[PDB]
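Working notes, structure below.
Going in written order, the chains are labelled A, B, C, D, E, F and G, and every chain counts its residues from 1.
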Amino acid sequence: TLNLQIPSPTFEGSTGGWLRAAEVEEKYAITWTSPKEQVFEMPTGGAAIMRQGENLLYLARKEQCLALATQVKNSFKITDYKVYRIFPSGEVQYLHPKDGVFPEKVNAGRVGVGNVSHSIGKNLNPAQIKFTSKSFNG
Amino acid sequence: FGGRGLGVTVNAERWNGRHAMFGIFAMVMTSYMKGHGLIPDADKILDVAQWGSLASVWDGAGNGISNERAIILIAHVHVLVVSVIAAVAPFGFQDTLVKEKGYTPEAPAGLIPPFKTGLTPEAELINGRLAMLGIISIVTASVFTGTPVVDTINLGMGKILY
Amino acid sequence: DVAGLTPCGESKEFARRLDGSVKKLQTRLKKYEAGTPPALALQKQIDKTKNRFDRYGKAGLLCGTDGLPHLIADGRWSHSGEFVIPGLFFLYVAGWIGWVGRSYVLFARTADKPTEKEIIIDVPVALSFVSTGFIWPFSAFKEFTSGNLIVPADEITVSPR
Amino acid sequence: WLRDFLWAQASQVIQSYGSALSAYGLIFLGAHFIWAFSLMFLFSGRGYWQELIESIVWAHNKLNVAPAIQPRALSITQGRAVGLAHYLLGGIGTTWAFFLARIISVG
Amino acid sequence: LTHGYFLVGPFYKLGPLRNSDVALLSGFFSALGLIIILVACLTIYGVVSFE
Amino acid sequence: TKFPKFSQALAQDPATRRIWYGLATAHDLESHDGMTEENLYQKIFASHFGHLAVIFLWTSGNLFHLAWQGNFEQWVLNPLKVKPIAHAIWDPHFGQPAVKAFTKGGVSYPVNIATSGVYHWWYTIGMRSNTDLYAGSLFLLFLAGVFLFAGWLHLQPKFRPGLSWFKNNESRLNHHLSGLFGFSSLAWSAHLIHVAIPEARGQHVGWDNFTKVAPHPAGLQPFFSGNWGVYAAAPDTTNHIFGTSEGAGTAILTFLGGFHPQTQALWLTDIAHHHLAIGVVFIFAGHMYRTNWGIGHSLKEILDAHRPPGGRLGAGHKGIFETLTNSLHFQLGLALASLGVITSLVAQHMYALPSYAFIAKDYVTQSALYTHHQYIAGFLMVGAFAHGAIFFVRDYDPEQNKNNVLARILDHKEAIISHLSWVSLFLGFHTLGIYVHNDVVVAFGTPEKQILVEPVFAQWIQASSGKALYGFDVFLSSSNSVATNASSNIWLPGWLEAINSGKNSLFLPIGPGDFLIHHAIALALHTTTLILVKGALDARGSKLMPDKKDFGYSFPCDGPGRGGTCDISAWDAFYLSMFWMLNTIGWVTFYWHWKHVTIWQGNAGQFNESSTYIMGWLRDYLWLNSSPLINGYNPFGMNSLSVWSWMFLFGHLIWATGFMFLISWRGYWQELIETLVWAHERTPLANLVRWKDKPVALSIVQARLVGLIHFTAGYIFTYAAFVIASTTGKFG
Amino acid sequence: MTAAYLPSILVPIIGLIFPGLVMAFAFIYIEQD
């Protein structure tokens, strides 16, 4: 669950932050824990200083949150970060890491989506599947 | 479109009937004044040096719009401005041109509405349909004979206007 | 003569071109003193212009109504030196060049690291190769007939059709 | 600007043939060539040239004359840079020849 | 009131009829036409923007 | 958002990309949601009806606007001095001097001077007054209404045709060859014999008297007797004044050849026999295929049976029948290629052999007609190759085409592209080398050092046609050749008189500049063919992208990986080849216009001496003929060319605008639009107004197309303004 | 020109009223849900 009462990193503000679509369509949240107070670069442009302990941040896009996660992973060795999706109705959807284990590591219970049982050169030509709802993969 | 009172609706027939009664009045009064010479400088050709290139008609002599046609058009421009303001900003009591999506359409009156004399909507619709039919008949009698429309109105009214 | 053209050695407009060039150089010559190096340079230019027009007029070149030599390239031997024989000279050189380059490529595949041979030329071996090109048609034809020039289609990479 | 400056003052560079300023006219044409050549890099993209290079590589493979260093099309950044360099060279050379021929002739 | 009041000025002072005796009448009529166009813009904006 | 109702994926787009992509895919019916083949064919049939109605409405509009605002009745009386009016001008942004300067043609109102040549065409076919022009406009309005009603009717239930009706190759071929080609040509020959030739001889024929005015004094009795040569007796005299009976003949069918000596156009009796013969030949062709009565040829058997037994073509043409019948894009490519070839043929043959009276003296009209139809030809050929590439993407079945001719094209596509590249580089290297060589040697004061190859092959062809200029003395230029004695009694005097007179464009004299510009044209044709063929044959896949057929005909790229894949689709090959097509028609029209202006000026030696180097083209054609165009308006005044003087500059503007969509790419503009979205959202008194679609940058393929459109419009408008204003300033 | 009033009537209509109504109704059609 997303604790809304987590304090935010000390930032002086910028023009690069989230627009009206964040409060109207969807917004993203990233939390992480730091061992010390240290300066990081905002993914929207500018420098902010994260506090010692937990940090909660709001963004407009998932890619901005994951860019910040990659930055703090390769520059501060922080891997406990969690990314959530928040709707205007208040429903919070946990996004990353989805099952608690990072996607580059195999975890039990994961099912393959979009896997094709042949090589890419065995896809069908369009002329078989014109005027037909058969997929080009077979 | 049809859900707002536009197209083949009873509202649009009523509005065109109102405009057609006004058109019959305006044609009769125009014929009366034009026969009687109440248009000042009716044959005066408007000059491009005063009114610009919009006054050019490119006929064979004068190459300008007559002053009488300009006066008739400006008289129509007045009621077009009235039309625009009434269409966008109607009176609270006035019948509106465009209707809201969830409106109740007026029932079609069939062959003839009930015979309610006076300032009733039935009499308004009867003379509106009559005025549209009269405009059709006047146009057809004008274009099948070569008689000008003012002269056609004067002949059909038995030279009362002039 | 051919195609209604006239020989340059009897064309009056060819003479008019020569006279116009000579007067154009002479009016520049008029503004310099005799013995000055610009005067000698201009007189040498006049001599080259006269020698070029004389040589062109006695070569059997055909001149059009413009006053310039027109080349005939339909294969007739009476103008065989105008396109056919110089082209064969190119055909001698160009077939040389590609062949020696091809030879170097076949050498370069046999080295330990071919790409270093590609950027850093083995100068004695390259000079040997550029020496080999003087008999390139017969060598290339024997390379062709022995199956060492053309490779079969089943050993060449192709895209999916 | 088109008539009294560009059209009018270019008379000197296009009638310079047969005179001492004819090199500027040649450079004028050559810059006109190279700038247009620059648009071939500027308007196009890498995949077309890479597939054409694939066909040319097939042609060189047929005669067993394919180089060991595999030919590739210029990079997208290099395509932009080459188009820009030849564009700037062409435009500056055109203005160079036009300015110099005009001002030497009339001034 | 504010925008329609200030709309008269440029049309009167810079229009094609500015050196004629009917410059103000032409400028006011042009301003009224611009007003009608902007009212049509408002109408279609309100039609497409709100339920 | 439900504007693109044919694409659910486009209709759910929250940005401005939805409107653009719905606009660009609106007529791409094959890609729509749930399109079946029968619905596809029926929509295509109705759309073809609508385009036919549009063509008829445009022609009726031309006829009406001439009958109302033209000077046709004045122009018929004096065709060689009165300037033809296209349509009237009513522009309220005009000042008075612009009203004065456009008042031409003998009328009292501003008019545009016609360059389309409709005057000469309508006058030649027998129209003389404004009344029949209006009647023709009414008839075409009625015909367009009939075809609109037919388009509606043939979509209604119990009239929608089946797929077997649409794919009936034999019936459609027989009916379109015998009736649409043959009987239409026979009826046009009938119109020429019955109406046009009597009106050319000053005798009025209309619907009120065409059943009582015989086209020939002997009537149809010589036709029914087999004494057809009576129709060849008493042709028009060389003193005949067109549109009058003075010097008129009585013949209706001759093969006299050459031109009428006054109109400088082909004899109308020759045109009537030509169209009669074309009708007879086409009806004979139109009885070839079997439809319902056992006799006739079967198309499938002809295709399968023509396999050469040596095996060099593989299986031959087996499976081409089903591939062609099932693919509308293969058919569209074949049709567009053939149409482009014949409109090129129209462009060459109509200037060389004009058929309309007094049009050879209308220099602006000839230039406009040639330029127009040649640009149409380039567009049609590019479309043919593009839709062939679409046929490879969408419709090509390899399994139905095993060892076919199409499969063998695909199996040696690399050889085809490599040899096209070789011939393109060959042509460009040596043509540019000769041109630059000539420039350098002329600049250094030595024009005698130029490399000037006489075009002796084409001169030999001209002599074979009878041109005695070059002294080749072969075929029709030989008085003892068997071809000369064979044709001496039928057509040789008129043809020899027309070909050996230097007063027309019949086989114009050619020199080294003509040689160089035809080899440049060959370079441009081969290079455009290289781009288009390489796009069509690599459309299904390449070494850089072997699964391209899974991605469709048009897509931006395959990402920066594998070295970078910009412009890899066949649509991008179309996009690159459009510039080369514009270049090729530019070179062709430059050559045509400069040669024809130098002949019309009586200064053909200027072209003969200046076309061998590029500086001659730049100075003596571009710079020299620009003077009346750039003086259409100036600080001293203005004249009737001023609009072209505007349009010229207009082209120079819009062409340049195309560059910005072709040089600058997406991410810069997308980030600018992010900045603009922030600016609008944060500005008071403007954030009360909100967009419904999110503003985004144009997509990559869309930006390529938009830059191409601005570029192409600038190309066309610049050259059209230049050619019309230059020809008018020098000659009109 | 016979019926010379027709250009001055129709050219302002075709050039200003027709495109304005076409753009307005097309805007309404493409932006409505």
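Going forward, a residue touches a chain if its C-beta (ideal position, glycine included) is under 8 Å from a C-beta of that chain, and two chains touch if they have at least 3 such contacts.
Novice: If you walk touching chains, what's the least steps from chain B to chain C?
Specialist: 2
Novice: Chains touching chain A and chain E alike, please list them.
Specialist: F
Novice: What chain is most central when centres are computed from CA atoms?
Specialist: Of the chains present, the most centrally placed is F.
Novice: Which chain's mean C-alpha position is the greatest distance from chain B's?
Specialist: The most remote chain is C.
Novice: Counting only C-beta pairs in contact, which chains form the busiest pair?
Specialist: Counting C-beta pairs in contact for each chain pair, the top pair is D-F.
Novice: Between chain C and chain E, what distance separates the C-alpha centroids? Give it in angstrom.
Specialist: 74
Novice: Using the average of all C-alpha atoms in each chain as its centre, how far is it in Å between chain A and chain D?
Specialist: 48
Novice: Centre to centre, by mean C-alpha position, how many angstrom separate chain B and chain E?
Specialist: About 26 Å separates the centre of chain B from that of chain E.
Novice: Residues of chain G that touch two or more other chains: which are they?
Specialist: Residues 1, 4, 7-8, 31-32.
Novice: Considering chain F alone, which of its residues make contact with at least two other chains?
Specialist: Each of 88, 90-92, 109, 398, 413-414, 445, 538, 542-543, 546, 692 in chain F touches at least two other chains.
Novice: At least two other chains touched by the same residue of chain C: list those residues.
Specialist: 24, 157-160, in rising order.
Novice: Check the chains against each other and report every pair that touches.
Specialist: Chains touch in the following pairs: A-F, B-E, B-F, B-G, C-D, C-F, D-F, E-F, E-G, F-G.
Novice: Quick check on the complex: what are the chain F residues that touch chain G?
Specialist: 1-3, 19, 22, 68-69, 88, 90-92, 107, 109, 692-693
Novice: In the complex formed with chain F, which residues of chain G make contact?
Specialist: 1-4, 7-8, 11-12, 29-33
Novice: Tell me, which parts of chain E touch chain F in their complex?
Specialist: Contact set of chain E toward chain F: 45, 48-49.
Novice: Under the definition above, what is the set of chain D residues touching chain C in their complex?
Specialist: Per the touch definition, chain D meets chain C at residues 18, 54, 58, 61-69.
Novice: Which stretch or stretches of chain G touch chain B in the complex?
Specialist: It is residues 1, 4-5, 7-8 of chain G that touch chain B.
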